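First, one chain by itself: the form deposited in one PDB entry, in structure tokens.
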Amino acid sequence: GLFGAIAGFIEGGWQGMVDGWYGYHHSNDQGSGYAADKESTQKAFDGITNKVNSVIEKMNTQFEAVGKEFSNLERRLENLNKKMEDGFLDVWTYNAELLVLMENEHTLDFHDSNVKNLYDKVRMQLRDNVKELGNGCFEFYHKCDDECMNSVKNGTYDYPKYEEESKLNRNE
């Protein structure tokens, strides 16, 4: 996709992450597991909710066919009425069908951007305290216990705190 993350450098999705759209898998001495990123998921959810409302609300006044009848000496008027009601019908079918294809494309790319953005947020915070493995994972140069993991996951990882230890480990 457009942002290169979903079905991209992050090769597959996670069946085991059941409580949100995007998130984390961690692995340390204490063990491993999945957790959704609540903030990115909530933002995406609000965005998508707004989108569906907007598409729907923009087609609340479309054309409505009114039943009318015409005599056998009113064929031109009948055909005009038919062409007209058919015409609007075709316009609204096209509008609904196009809007949906276009917004589906954007929706899928929006999720892809959100994953890439979360990845970059984490990356740009860990800096050189980690190895970037290339598959969506970062390998730490310092031991990172459960509380350390939680600081990463909520955006309060302390780079200066681990700078000295990682640098030594990265070099020996």
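Heads up: residue numbers just count along the shown sequence, starting at 1. Shifts are known only where both forms have a C-alpha. Only the largest set of C-alpha atoms that superpose within 1.5 Å between the two forms is called the rigid core.
Taking the mean C-alpha B-factor of each stretch as recorded, 53 to 61 and 137 to 145 are not equal, and the higher mean is that of 53 to 61. For the pair 107 to 115 and 64 to 72, the record assigns the higher mean C-alpha temperature factor to 64 to 72. The entry assigns its greatest Cα B factor, within the set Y157, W21, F9, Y24, to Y157. The PDB entry assigns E132 a C-alpha temperature factor belonging to the middle third of its chain's modelled residues. Split the chain's modelled residues into thirds by C-alpha temperature factor. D29 is in the highest one.
Keep in mind that the form deposited in another entry is not shown, yet the notes after this line are about it.
Only one of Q125, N28, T107, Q62 has its C-alpha shifted by 2 Å or more between this form and the one not shown once the core is superposed, and that residue is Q62. Mapped along the sequence, displacements between this form and the one not shown of 2 angstroms or more at every C-alpha, sustained over at least 3 residues after core alignment, occur solely at 58 to 65.
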